[PDB]
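Here is the file coords10.cif (mmCIF, C-alpha atoms).
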data_query
#
loop_
_atom_site.label_atom_id
_atom_site.label_comp_id
_atom_site.auth_asym_id
_atom_site.auth_seq_id
_atom_site.Cartn_x
_atom_site.Cartn_y
_atom_site.Cartn_z
CA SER Q 103 10.56 -24.96 34.30
CA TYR Q 104 12.91 -27.77 35.34
CA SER Q 105 15.82 -26.79 37.55
CA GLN Q 106 19.32 -28.04 36.85
CA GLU Q 107 19.24 -31.12 39.10
CA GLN Q 108 16.11 -32.56 37.50
CA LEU Q 109 17.83 -32.13 34.14
CA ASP Q 110 20.78 -33.99 35.68
CA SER Q 111 18.52 -36.91 36.59
CA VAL Q 112 17.01 -36.83 33.09
CA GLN Q 113 20.50 -36.93 31.59
CA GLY Q 114 21.38 -39.84 33.86
CA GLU Q 115 18.44 -41.75 32.44
CA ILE Q 116 19.48 -40.71 28.91
CA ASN Q 117 22.96 -42.08 29.57
CA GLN Q 118 21.48 -45.33 30.87
CA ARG Q 119 19.32 -45.73 27.76
CA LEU Q 120 22.21 -44.88 25.42
CA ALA Q 121 24.48 -47.35 27.21
CA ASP Q 122 21.78 -50.00 26.82
CA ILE Q 123 21.54 -49.22 23.10
CA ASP Q 124 25.30 -49.69 22.82
CA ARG Q 125 25.02 -52.92 24.85
CA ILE Q 126 22.39 -54.22 22.43
CA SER Q 127 24.74 -53.26 19.62
CA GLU Q 128 27.75 -55.09 21.03
CA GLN Q 129 25.95 -58.11 22.51
CA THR Q 130 23.15 -59.12 20.13
CA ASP Q 131 24.63 -62.42 18.97
CA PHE Q 132 23.58 -65.11 16.50
CA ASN Q 133 25.85 -68.11 15.90
CA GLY Q 134 28.74 -66.13 17.35
CA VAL Q 135 28.08 -63.15 15.06
CA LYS Q 136 27.86 -59.63 16.47
CA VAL Q 137 25.06 -59.14 13.98
CA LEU Q 138 23.79 -55.76 15.19
CA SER Q 139 27.25 -54.28 15.79
CA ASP Q 140 29.66 -51.90 14.09
CA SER Q 141 31.55 -54.87 12.58
CA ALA Q 142 28.99 -57.01 10.74
CA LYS Q 143 29.46 -57.41 7.00
CA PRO Q 144 26.38 -58.33 4.93
CA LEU Q 145 25.70 -62.05 4.71
CA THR Q 146 25.30 -64.31 1.67
CA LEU Q 147 22.59 -66.94 2.35
CA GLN Q 148 23.24 -69.17 -0.64
CA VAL Q 149 19.78 -70.15 -1.90
CA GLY Q 150 19.52 -72.79 -4.61
CA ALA Q 151 22.03 -75.19 -6.09
CA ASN Q 152 24.49 -74.12 -8.81
CA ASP Q 153 26.08 -71.40 -6.71
CA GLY N 154 32.41 -58.66 29.05
CA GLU N 155 29.12 -56.97 29.89
CA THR N 156 27.83 -55.68 33.23
CA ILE N 157 25.11 -53.40 34.56
CA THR N 158 26.80 -51.40 37.31
CA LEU N 159 24.33 -50.22 39.94
CA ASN N 160 26.40 -47.47 41.64
CA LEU N 161 24.62 -47.58 44.99
CA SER N 162 26.20 -46.40 48.25
CA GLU N 163 26.24 -43.92 51.11
CA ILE N 164 22.74 -42.92 52.14
CA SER N 165 22.86 -42.21 55.88
CA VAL N 166 23.65 -39.55 58.39
CA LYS N 167 27.34 -38.57 58.13
CA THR N 168 27.02 -38.88 54.32
CA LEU N 169 23.90 -36.82 53.64
CA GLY N 170 25.99 -34.04 55.19
CA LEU N 171 24.03 -33.35 58.38
CA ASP N 172 26.19 -35.43 60.76
CA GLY N 173 25.42 -33.08 63.65
CA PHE N 174 22.15 -31.49 62.67
CA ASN N 175 21.34 -29.34 65.71
CA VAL N 176 18.19 -27.25 65.34
CA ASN N 177 18.50 -25.93 68.90
CA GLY N 178 21.65 -24.75 70.67
CA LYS N 179 23.33 -21.50 71.60
CA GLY N 180 22.52 -20.07 68.17
CA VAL N 181 24.72 -17.00 67.77
CA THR N 182 26.85 -16.46 70.86
CA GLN N 183 27.43 -12.92 72.12
CA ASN N 184 30.98 -12.02 73.10
CA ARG N 185 31.64 -9.94 76.21
CA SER N 186 33.29 -6.53 76.10
CA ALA N 187 36.98 -6.61 77.00
CA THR N 188 38.53 -4.41 79.68
CA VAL N 189 41.92 -3.41 81.09
CA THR N 190 42.26 -6.67 83.03
CA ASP N 191 42.16 -8.80 79.88
CA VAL N 192 44.59 -6.59 77.98
CA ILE N 193 47.11 -6.49 80.83
CA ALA N 194 46.68 -10.26 81.04
CA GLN N 195 47.87 -10.37 77.43
CA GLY N 196 51.05 -8.77 78.78
CA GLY N 197 51.49 -5.65 76.65
CA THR N 198 52.29 -2.15 77.83
CA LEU N 199 50.23 0.83 79.00
CA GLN N 200 50.90 4.53 78.56
CA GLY N 201 49.18 7.86 79.13
CA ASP N 202 45.39 8.12 78.85
CA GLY N 203 45.12 4.35 79.34
CA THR N 204 46.02 3.52 75.74
#

Can you present the structure in this file as C-alpha cells?
Amino acid sequence: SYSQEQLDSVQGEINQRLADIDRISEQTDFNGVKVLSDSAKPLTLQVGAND
Amino acid sequence: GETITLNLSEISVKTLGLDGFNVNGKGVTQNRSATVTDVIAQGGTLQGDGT
C-alpha cells in the first residue's frame, strides 16, 4: 500500500540505523581496543600463575 | 573520526518550488485573430486572391 516516497523515507531510516550499527562497530572502545570491530583478535586473559 | 551529519537545509519559498505561486491571474490567455494589417506589417508580399 505504501507509495514509493514513503519507502524512500523508510530506506532513509534503514540507512541511518545501519550507519549507527557500523559506528558502534568502529567506535566501541575498551583500553584503546576496537573490541566490537572487524579487526579484534580474541584475547587471552591469563588466569592463574604458572602461565 | 566520527560525526552524525544532520543534512538540513532549504525549506522555504523559492526552494519548495512555488516561488511565484499564483492561484489567480489571466489563466489561459486567448490570442486574437490576425488580419491583413498584421501580415503586411511583417513585410512580406501579397498576390492574387489575397494570399

Which residues match the PyMOL selection byres ((chain Q) within 10 of (chain N)) in the file above, as a ChimeraX atom specification?
/Q:118,121-122,125,128-129

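Atom CA of residue 151 of chain Q is found 28.0 Å from atom CA of residue 136 of chain Q.
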
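The residue set within 10 Å of segment 198-203 of chain N, counting only C-alpha atoms and dropping same-chain residues fewer than 4 places from it, reads residues 189, 192 and 193 of chain N.
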
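Between atom CA of residue 174 of chain N and atom CA of residue 162 of chain N lies a distance of 21.1 Å.
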